[PDB]
Protein chains: 2
Amino acid sequence: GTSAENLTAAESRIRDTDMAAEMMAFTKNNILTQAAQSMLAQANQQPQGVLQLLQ
Amino acid sequence: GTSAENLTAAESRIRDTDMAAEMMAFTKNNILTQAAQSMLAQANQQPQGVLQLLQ
């Protein structure tokens, strides 16, 4: 029983994930995704030099 | 992806044209065309010495 509990703890620490750290990373990546979305929406509007030609 | 973006930038700078410079050149050439048109209209009228002969 003692050995099984100790090895279970070891295997948990090796393979299982901490919820808090992954939550942090996921929120960070979502915020970065939104930022890149807005930046791309701006960059698509940036090349508008049609007022050179017409008037 | 990085290499493709860099080579795309290079190819764009080589082959694609800047709209502003060509707009400048086109406006310049149109103005010169109009000037030459007026000059030719004048030069065609310049040789009128018929008042030597008749009266």
# chains A, B, ... in the order shown; residues from 1 in each chain; ligands from 1
call {"tool": "closest_atom_pairs", "arguments": {"of": "chain A", "to": "chain B", "cutoff": "8 Å", "atoms": "only C-alpha atoms", "output": "tab-separated table"}}
result
residue	atom	partner	partner_atom	distance
A:49	CA	B:19	CA	8.0
A:52	CA	B:20	CA	7.0
A:53	CA	B:23	CA	7.0
call {"tool": "write_last_selection", "arguments": {"atoms": "C-alpha atoms", "output": "short mmCIF file (atom, residue, chain, number, x, y, z; two decimals), in the first residue's frame"}}
result
data_model
loop_
_atom_site.label_atom_id
_atom_site.label_comp_id
_atom_site.auth_asym_id
_atom_site.auth_seq_id
_atom_site.Cartn_x
_atom_site.Cartn_y
_atom_site.Cartn_z
CA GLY A 49 -4.22 54.80 -51.73
CA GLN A 52 -4.10 59.23 -55.46
CA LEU A 53 -5.87 58.23 -58.66
#
call {"tool": "select_by_dssp", "arguments": {"residues": "chain B", "states": "alpha helix (DSSP H)", "output": "ChimeraX atom specification"}}
result
/B:2-15,19-45
call {"tool": "atom_distance", "arguments": {"atom1": "CA of residue 38 (chain A)", "atom2": "CA of residue 18 (chain B)"}}
result
26.4 Å
call {"tool": "atom_distance", "arguments": {"atom1": "CA of residue 14 (chain B)", "atom2": "CA of residue 30 (chain B)"}}
result
26.7 Å
